[PDB]
Amino acid sequence: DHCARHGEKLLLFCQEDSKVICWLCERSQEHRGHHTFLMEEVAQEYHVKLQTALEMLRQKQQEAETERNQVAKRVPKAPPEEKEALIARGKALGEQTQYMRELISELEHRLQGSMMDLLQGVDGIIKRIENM
Amino acid sequence: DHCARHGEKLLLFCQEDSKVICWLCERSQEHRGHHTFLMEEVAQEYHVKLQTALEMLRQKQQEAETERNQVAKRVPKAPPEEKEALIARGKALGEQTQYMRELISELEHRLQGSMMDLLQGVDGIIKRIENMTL
Ligand SMILES: [Zn+2]
Ligand SMILES: [Zn+2]
Ligand SMILES: [Zn+2]
Ligand SMILES: [Zn+2]
C-alpha cells in the first residue's frame, strides 16, 4: 500500500515502467516524461484489454487441443516417416497449450484481483501475448 | 496540516491562486493549467520579501508615530486657526498608524508561522502593502 522509497500512497501507475508508484516517484527524474495516471483512471481500459485477451486465448487453446487430439488419434494408422513428424507436431502443440495455460492462469488472476494485481507488471504479459 | 478536501499532506503551492494544496489538488481540473510548486521551492523568497516589508513598515510606523506626538505636543500651545488643522493631522496619522499596525501584525503572524501560514494568501498581503504608496 505504501511506496518503499517515500512512504506515500501507492495510487499512481507509470505506463512505461508498468509500475504502481506514489506522487513523489511521479515528480522524480526517474519517471520524467513518463505517462502516469491514477490507477482508477486506467483500470477499466486494462481490464477490458485483458478480458478480450483471455477470451482469444481460451478459444485459441481449445482449437489447438482439438488439433492435438486429432494428431493423437492419427498416429496409429500412419506409416513411420510420417509418424515421427506428427509426434513432433504434437510435441509443439503440447508446448503451445502449456504456454497458453500459464497465460490464461495469469490473466484470470489479474482480472479477479485488486487494481494493483491488475496493473503491476502488466506490460510483461501483454508482450508475452504479442510474442505468440 | 492536511488537505481539507483530500486528507493528503499540504506540501504544494499554486501560484495563480496563492493557495497551499496537495498532490491531488494539483492534478485536478481546477489547477491542472496553473503553475504549481513545492512550498519549499518558493518559501525563501516569500519569507525574505515579507521580512523586508516588515522592516519598511516598522520604519514608516516609527516616523508617523513621532510626527503624531509632535503634533499632539504642539496643539495645546497652538493658536485657534492652527489647532483645527493640527487636530485633523493627528487624526489622519492615527488612521495611518492603525492600518500599519494591522499589516505589521499579519506579517509577524506569517513570518513566525508554518510554511502554510507563510504562503496561504501571501500574494494578497504583498499587493495590499504595495498599494499603500503606489
Ligand atoms: Zn514513491
Ligand atoms: Zn516511470
Ligand atoms: Zn488536496
Ligand atoms: Zn490553482
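Go over the UniProt feature "binding site: Zn(2+)" in chain A with me, naming the residues and quoting the values.
Residue and element names in this part refer to chain A. Here, the residues flagged by UniProt with the feature "binding site: Zn(2+)" are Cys3, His6, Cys25 and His31. The greatest C-alpha distance among the residues just named is 14.3 Å, despite their covering 29 residues of sequence, which places them together in space. Relative to the helices and strands, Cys25 is located in helix α1 (residues 23-27). With residues up to four places along the chain from it excluded, the contact list for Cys25 reads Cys3, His6 and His31.

Provide a residue-level description of the packing of helix α2 (residues 39-74) of chain A against helix α5 (residues 122-131) of chain A, including the pertinent values.
Residues and elements named next belong to chain A. At their nearest, the axes of α2 and α5 sit 12 Å apart, and the two run at 35° to each other. Helix-helix and strand crossings are classified by hand; for α2 and α5 the assignment is left-handed. From α2, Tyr46, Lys49, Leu50, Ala53 and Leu57 reach across to α5, where they touch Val122, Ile126 and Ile129. A breakdown of the residues in the contact of α2 with α5 according to their chemical character gives seven nonpolar, no polar and one charged.

Got a sec to walk through the interface of chain B and chain A? Specific residues and values, please.
Note: interface size is frequently given as the accessible area lost on complex formation between the parts. Each partner contributes residues to the interface: chain B has 10 residues there, and chain A has 10 residues. In total, about 850 Å² of surface goes out of reach between chain B and chain A, with carbon and sulfur atoms giving 56% of it. Broken down residue by residue, the surface that chain B buries against chain A is led by B:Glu8, B:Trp23 and B:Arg27, which jointly contribute 60%. At the junction of chain B with chain A, the criterion picks out four salt bridges. A salt bridge links A:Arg27 to B:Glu41, with the shortest nitrogen-to-oxygen separation between them at 3.7 Å. Joining chain B to chain A, the criterion identifies three residue pairs in polar contact. In terms of residues, the side of chain B that touches chain A owes the most to one element, helix α1 (residues 23-27) of chain B, which gives four residues. Residue composition of the side of chain B that touches chain A, grouped by class: five nonpolar, no polar and five charged.

Help me get a handle on the packing of aromatic side chains, residues and values and all.
Residue and element names in this part refer to chain A. Per the counting criterion, the structure on display carries two aromatic pairs over all chains. Pairing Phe13 with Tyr46 gives two aromatic rings, centres 5.7 Å apart and planes at 75°, and the pair type is edge-to-face. Of the two residues, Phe13 is situated in strand β1 (residues 12-14) and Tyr46 in helix α2; the sequence distance between them amounts to 33 residues. Since its relative accessible area comes to 12%, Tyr46 is described here as buried.

Rules behind the numbers
Keep in mind that residues are numbered from 1 along each chain as the sequence reads, not by the entry's scheme, and that residues without coordinates are left out. Written order determines the labels here, with chains lettered from A and ligands numbered from 1. Side-chain measures here rest on the full set of heavy atoms in the structure, leaving out hydrogens and waters. Residues with missing side-chain atoms are left out of burial classes, side-chain pairs and their counts. UniProt positions are given in the numbering used here, feature names are shortened, and annotations may be inferred rather than shown by experiment. Strands here are runs of E lasting at least two residues and helices are runs of H or I lasting at least four, both read from the DSSP assignment and numbered beginning at the N terminus. Note on definitions: a residue-residue contact is assigned when non-hydrogen atoms from the two residues lie within 4.5 Å. Here, axes are lines fitted to C-alpha atoms. For helices the fit covers the stretch in contact, and angles between N-to-C directions go from 0 to 180 degrees. Two helices crossing with the near one rotated counterclockwise from the far one by less than a right angle form a left-handed crossing, whereas a clockwise rotation gives a right-handed crossing. Residues are sorted three ways: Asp, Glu, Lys and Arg are charged, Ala, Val, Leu, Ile, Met, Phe, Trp, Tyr, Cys and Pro are nonpolar, and all the rest, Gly among them, are polar. Two parts placed together each lose some accessible area under a 1.4 Å probe, and adding up what both lose gives the buried area. Throughout this description, the term salt bridge denotes a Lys or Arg side-chain nitrogen within 4 Å of a carboxyl oxygen of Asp or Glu. Under the rule applied, a polar contact is a pair of N or O atoms within 3.5 Å (in protein, one hydrogen donor and one hydrogen acceptor; residues adjacent in sequence only if both atoms are side-chain atoms). Ring pairs shown here join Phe, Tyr and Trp side chains whose ring centres sit within 6.5 Å, with only the six-membered ring taken for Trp; geometry is labelled stacked below 30 degrees between planes, edge-to-face above 60, and tilted in between. Relative accessibility under 20% of the residue-type maximum defines a buried residue, over 50% an exposed one, and the middle range a partly exposed one, all with a 1.4 Å probe and only protein chains included.

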